Amino acid sequence: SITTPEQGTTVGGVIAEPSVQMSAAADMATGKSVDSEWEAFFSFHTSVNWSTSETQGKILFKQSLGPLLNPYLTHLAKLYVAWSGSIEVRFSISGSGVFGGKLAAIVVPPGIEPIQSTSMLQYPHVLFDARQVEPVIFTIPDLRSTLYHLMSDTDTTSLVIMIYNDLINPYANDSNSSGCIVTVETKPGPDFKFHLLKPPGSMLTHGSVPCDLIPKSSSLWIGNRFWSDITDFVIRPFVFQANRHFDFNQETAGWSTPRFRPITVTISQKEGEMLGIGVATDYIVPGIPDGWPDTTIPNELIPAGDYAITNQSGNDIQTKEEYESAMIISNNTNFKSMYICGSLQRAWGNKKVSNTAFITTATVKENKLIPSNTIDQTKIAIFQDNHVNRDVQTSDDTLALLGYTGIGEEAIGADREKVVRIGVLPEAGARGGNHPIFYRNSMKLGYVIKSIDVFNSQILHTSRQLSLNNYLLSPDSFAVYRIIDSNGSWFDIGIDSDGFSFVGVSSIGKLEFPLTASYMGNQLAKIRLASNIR
Amino acid sequence: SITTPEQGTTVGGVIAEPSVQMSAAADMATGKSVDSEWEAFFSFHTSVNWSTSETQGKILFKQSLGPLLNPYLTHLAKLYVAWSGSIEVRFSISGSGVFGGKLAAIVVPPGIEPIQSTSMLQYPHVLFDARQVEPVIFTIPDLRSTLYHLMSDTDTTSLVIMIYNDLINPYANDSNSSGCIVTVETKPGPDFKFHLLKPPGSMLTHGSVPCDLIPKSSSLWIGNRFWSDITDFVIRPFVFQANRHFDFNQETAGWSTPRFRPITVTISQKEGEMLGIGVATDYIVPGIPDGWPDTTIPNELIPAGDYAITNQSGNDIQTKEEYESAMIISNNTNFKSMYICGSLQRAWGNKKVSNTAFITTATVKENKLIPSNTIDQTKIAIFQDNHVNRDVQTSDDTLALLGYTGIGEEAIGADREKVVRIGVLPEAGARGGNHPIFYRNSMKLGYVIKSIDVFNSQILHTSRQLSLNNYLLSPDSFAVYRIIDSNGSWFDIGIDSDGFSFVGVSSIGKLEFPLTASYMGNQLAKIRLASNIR
Amino acid sequence: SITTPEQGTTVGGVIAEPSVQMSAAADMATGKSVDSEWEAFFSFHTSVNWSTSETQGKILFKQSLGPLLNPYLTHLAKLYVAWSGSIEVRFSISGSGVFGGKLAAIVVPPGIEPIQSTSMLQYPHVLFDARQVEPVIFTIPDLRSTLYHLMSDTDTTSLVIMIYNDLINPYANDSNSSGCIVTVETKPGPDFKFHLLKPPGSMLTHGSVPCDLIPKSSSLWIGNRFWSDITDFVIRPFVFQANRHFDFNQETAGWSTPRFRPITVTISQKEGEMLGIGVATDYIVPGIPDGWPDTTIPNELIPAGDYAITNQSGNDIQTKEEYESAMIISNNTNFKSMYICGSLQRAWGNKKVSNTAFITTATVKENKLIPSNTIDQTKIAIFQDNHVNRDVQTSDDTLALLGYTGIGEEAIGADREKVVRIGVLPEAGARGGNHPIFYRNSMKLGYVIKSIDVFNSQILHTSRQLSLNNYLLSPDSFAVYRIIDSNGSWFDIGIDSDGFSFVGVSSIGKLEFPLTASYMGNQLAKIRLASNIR
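Sequences listed follow chains A, C and C', in order. A prime marks a further copy of an entry chain. With the authors' numbering applied, the first sequence covers 129 to 662. With the authors' numbering applied, the second sequence covers 129 to 662. With the authors' numbering applied, the third sequence covers 129 to 662.
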């Protein structure tokens, strides 16, 4: 009548019989140890850089226990509920016999966070002189309050490596001379083994490991305010934005979708000239047309005024800044702060010829516009040259975010007075000692050859994944991601539970852009974020 | 000497001579056996309607472990703090030998939450047939991290049912063909026993289960911004309200006790004409009177105009929109968007008859009334019967709340620009695929006849609890609440870690109002709240 | 085939492999033994202060049998309907080897009620000394008429304690010499076991114990004739009140729901001047609006006089009595004894601004207003802003309640001639040596400044229950309720079979108002309610 898990009319199959030997005995071609090629060797969880700069104390690696360590264990957890057991570790430094410096590691018990101080060293540790050749293997025991910790669980028995004895070389002279590269290899403990398993494609009621956010490679980064990939990194006192912005609670900060699509909107022929905006065909916000930029106009002005720019132009790279030349009316371009789009055109009532595509987010008052930091149904903007008749409707909409209007050295959306708030503009005041950041981006200009920057709040892949999965992260806790280039410069970014990024540095600029990036888990918000620049 | 909680010198009844074997016969009266008869039989829990139009794979019992299941246990649990073991679950269906179909059974371990997808089945399961008249009874074994489960632990083992194979029926065709019901009973497992006996009155260090907010019954509900019972729902993309709104941590952006009572304020007789600006008398918010309304006038209007028009009465319902026509108008009447309210006049020195009251919150420089959005002890205006130039001062006493000024079809509290914040702006965007709601209430008007309503954020009774209690909820798990009309329609509502109402439908409609609710528990906001409405 | 409430085909957990002997260790976590630990230890019940000035023979524990004693039992009893057996009672005193005195113990059989006289002792008793450090523990054997005791049976075996021999102390003299305390614990007897298991939600054929009326706390109490919290007691010989007053059989002489909400009535615009006589809109009393005030004008007064005097303001407190002097007067002002109340005006056709409201209940023949005592849909007058002779009709909407007209120091509702009956006249005379009370509330006034109060019959929360519940009480046994201030003062209040409040003192006085109450049960009204007040 019923159907207990696995049972029922069994039969094998026609001339079917899996009769060992041919199976089992087909193992001969291997020499296999057990059903765990896992516990047998180690992998490369990661490698840290050690330079003649950092001073005796600063911790170099602060990893916490959990399958996230060894990759195969990692690649398996995607099938289980919780784990248990220790993890054998082997690490070694790849330095040169000309160097000099000791290093020690310690197994910090669950519940405490190390401190960049020598005293913290007094504890059963393992030295490792820079000259050491044969690597050293020790174990990370599973000291656990519970019977087993399931996937997440932050309070694991963490490991750590700090500078026991400053590393120096008998060759001073230059700046950040050099250093050596260290590496940590993990091996699944002999007493480690998972436990109950997960039902494929299920969601962990307590969030997943946030570590997976941004691309482990610069190249295909790109922002959210705009599609152009990240150009540089900029730091400021405060950071505000919302449109292509998402949060850990997946709160719709803005009104657009996690990606980029051609803004398409119908409109009515204002019977005048520059026509009436407001419709919003393909959008998930009553009115507010997903895709509209966070920028508007700063000074109320008329859409009328052809040919403005500065002066003649051609005398490019003419270090401006005003004060006080009289010839190149720097700034003004009649109607700046605009959004040039590749529009389709209208249609319906027929006869026409593309063009147009100059928008903003203000308000329609015949010949004037006048801004507003508040965006509602009837606030979008456009431009035209679709001569009036009987006044037909349903336009051929569409257009794409392409250009802006050469204001000045102002990186797009550099001020609150510019940000098109929808309801609540989420900012970000420094935490602990760290400072918020921004993602510099490029944006094509309109009158000039090529120019102007744009401030982005978060990488596209960030917003993307942030609006789908669910990663539980404490309130006052970050998200440790190590970014690096090629020269040797390395720092961290701790994502905020609000969707922002932080760093603990004063200023950086000149770096081999072809970067890379990983994640070292997540630490508190107060503690800073060491780094290496200059 | 001392003595334990039972020891002591006994004496035995006086005429209780005979203070023994009496219950001898009494025992027969009820032929009862084990003093734990409930720990034996089965109690009903819930049942669902399995329809033939229900596509393969679809959850039916997200039910989770915890004494909250069986009512007896749940009741008894009130006396302990510790529970452990499993709970048996007997349930079956009444299938006809004709039908065909199979149901699946799966024991989901703690920390994971079941998804309404198919993949769930690529997990060890137990098939189940519609014909089987024999009711199945298995157990949900308790796998635990700790030793004993704290009463509130909402993260435990769980069991679920999903439609393996559709429900087929030999006489298909049109409409919702058919579909039989399925019940589910419960009995405390054998190995289920409590543990810690709490002393009556002691206070628990954590917080009770949030499944006790909304009252099971539509009757007594009533808005939190206005004392009228709710009569509808508002499917919106954004929600905002601070006044009388409470957080989950018992905090409140608001400025008033979770109840509706008369507002008593003392205003200094201006001697000249109408004044306003009168500080409260006794409230838990320095200056800002507890109970003082919400929004403010949406324009720099002045205080005057007798029965200022808004034209055409008797011309009932030729109304709504933008004044409908030239002759007929939709809004002006000077003191528009004003909160009407009976009011008892003080008298100070002398002169009688209450007389007026028209209030709001804004700056009263001169005989003007510009609107302030930021609320401080300096923006509490009104209208009066001051009179006589001796400059007699400190007029009035109290005033209540009756109506407002007919601003068309504007369900009060639909725009940030109109809601008054004390400093912060409590709100919520569309978390997950879920949308935020309000509670379409009803607010009488004056000049007209009787009409228009207003939103609402928390069902009053809720806020009431929020402020008087202290619970525990995952900042990513709502508070599943079931709602059901008088037909069949039913949907779920959730509670934000902040305290808002959410829905899993893009639009809900008309339904018989003899409504009644219930409580399920908590589910990652990342999942939609299913519903059989529309 | 069929199946009993437990039978069925078992399946056993899925991964519950391991669905056994786990609680093995969990059991240790709390080293608990019998699942009925309460059926073992002793729980506190109450304790009293035995003073050396307490004359020979004086009751101290009228405590009676029934699971209402011990809290655990009392709680558990919520799940049954049947109880039997006895209850052990351990209690003792902390006497000093110096003191001398003896206490008596007597087991009073059912059907009799102990009197505070000496003769009680000419009954088999158990002497008890103050020195005995050993706490005594005897049992109150259950002698019963029936087989099993219905939950509500208030007539059972009982035990009591009386001061056999005064409390002597070698250092007598002045003041309340001294006196030690005495405690009393409770433990369910062995032979005590329940019997009938009630099904959750079923409704009991009788009624719960009346010890659940008054809220234990003075805070939320509030009068039933007026929504203000009580602040004093009135020792009177007679009491009368029908409006919002409920009987014990759930009947009510009244005409309004046990709650306070706005009063909505529709009055037909008289066209001439003020009118009145407006029938309600939606109330559970044909005509007579639910919520409409209580008394009526004590004289054939007319409707007129603006800020009609009652002379001298600023001449604060030179007031009270009979106008105090010629110049200074105490009462006239035309519409005296009128209920003030804010009110929202309808509008019908047109014309604005609420404006007035002054009501009561009487016949409105002509522009006069003679008082009727008998209330019918023909006596509901008011004051208005009718105006314009087109004879525009059916004016107003609602009005609340704020004040009344300063009729001197007349605590409203102190004379039959002033209270309005619907037909019957609910009241109560001094039953037994006990006297009836009221609940001195507080009602704001207008013309003056702020003052005067008004009585009250049932603490609102009471009536509330009365109407929504259904109990059982002997038409000769009150509902003993203990009241206590913040010092030591305490007295008892009773509930009449009709629903009134009684007291056993000839006069009560001032006492710290951080009051709180309790419930004892029932006692023949023929006995005085002792108290340690004054």
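In this text, a Cβ means the ideal position worked out from N, Cα and C, and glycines have one as well.
Beta-carbon separation of residue i and residue j under 8 Å?
i	j	result
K326/C	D525/C'	no
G551/A	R353/C	no
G649/C'	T282/C'	yes
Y200/C'	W178/C'	no
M466/A	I487/A	yes
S214/A	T284/A	no
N501/C'	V548/C'	yes
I468/C	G574/C	yes
Our contact map puts residue i next to residue j with C-beta atoms below 8 Å; I'd like the distance itself, whole angstroms only.
i	j	result
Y567/C	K480/C'	29 Å between Cβ atoms; not a contact.
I289/A	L196/A	Wrong, their Cβ atoms sit about 17 Å apart, outside the cutoff.
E399/C	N517/C	6 Å
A210/A	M279/A	6 Å
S659/A	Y609/A	Not confirmed; about 12 Å, so no contact.
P431/C	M402/C	5 Å
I309/C'	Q244/C'	Not quite, the Cβ-Cβ distance comes to about 20 Å (not below 8 Å), so this is no contact.
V582/C	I540/C	4 Å
Taking Cβ positions only, does residue i come closer than 8 Å to chain C?
i	result
residue 125/C'	What the structure shows of chain C' is the stretch from 129 to 662, and residue 125/C' is not part of that stretch, so it cannot be assessed.
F374/C'	no
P338/C'	no
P195/A	no
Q378/A	yes
What does DSSP give as the partner residue(s) for residue i in the beta ladder?
i	result
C339/C'	DSSP output for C339/C' lists no bridge partner at all.
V367/C	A556/C
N293/C'	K230/C'
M648/A	For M648/A, which the question treats as bridged, DSSP gives no partner whatsoever.
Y208/C'	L325/C'
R610/C'	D620/C'
Cβ of residue i less than 8 Å from any chain A Cβ?
i	result
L188/C	no
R218/C	no
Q184/C	no
Verify the CB distance criterion: does residue i have a CB-CB separation below 8 Å to chain C'?
i	result
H203/C	yes
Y411/C	no
Item to check | Positions along the stretch 441-455 of chain C' whose CB lies within less than 8 Å of some CB in chain C | outcome: For chain C, the residues of the stretch 441-455 of chain C' that bring a beta carbon within less than 8 Å of one of its beta carbons are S441, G442, in chain order.
Item to check | Contact set between the stretch 270-284 of chain C and chain C', restricted to residues whose Cβ is under 8 Å from the partner | outcome: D270, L271, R272, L275, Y276
Item to check | Contacting positions in the stretch 596-626 of chain C - beta carbon closer than 9 Å to chain A | outcome: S602, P603, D604, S605, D624, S625
Next on the checklist: Short of 8 Å Cβ to Cβ, which residues in the stretch 232-252 of chain C' face chain C?
Outcome noted: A233, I234, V235, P237, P252
Next on the checklist: Against chain C', which members of the stretch 496-507 of chain C pass a CB distance test of less than 9 Å?
Outcome noted: none
Next on the checklist: Please list, in chain order, the residues of the stretch 149-161 of chain C' that have any C-beta partner in chain C closer than 9 Å.
Outcome noted: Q149, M150, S151, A153, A154, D155, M156, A157, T158, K160
Checklist entry - What residues in the stretch 304-331 of chain A have a beta carbon less than 7 Å from any beta carbon of chain C? => result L324, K326, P327, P328, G329, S330, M331
Next on the checklist: Give me the subset of the stretch 130-141 of chain C whose CB atoms are less than 8 Å from a CB atom of chain C', sorted by chain position.
Outcome noted: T131, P133, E134, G136, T137, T138, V139, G140, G141
Checklist entry - Using Cβ-Cβ distances below 9 Å, what residues of the stretch 551-568 of chain A are close to chain C? => result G551, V552
Item to check | Positions along the stretch 463-491 of chain C whose CB lies within less than 9 Å of some CB in chain C' | outcome: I468, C469, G470, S471, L472, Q473, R474, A475, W476, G477, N478, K479, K480, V481, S482, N483, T484, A485, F486
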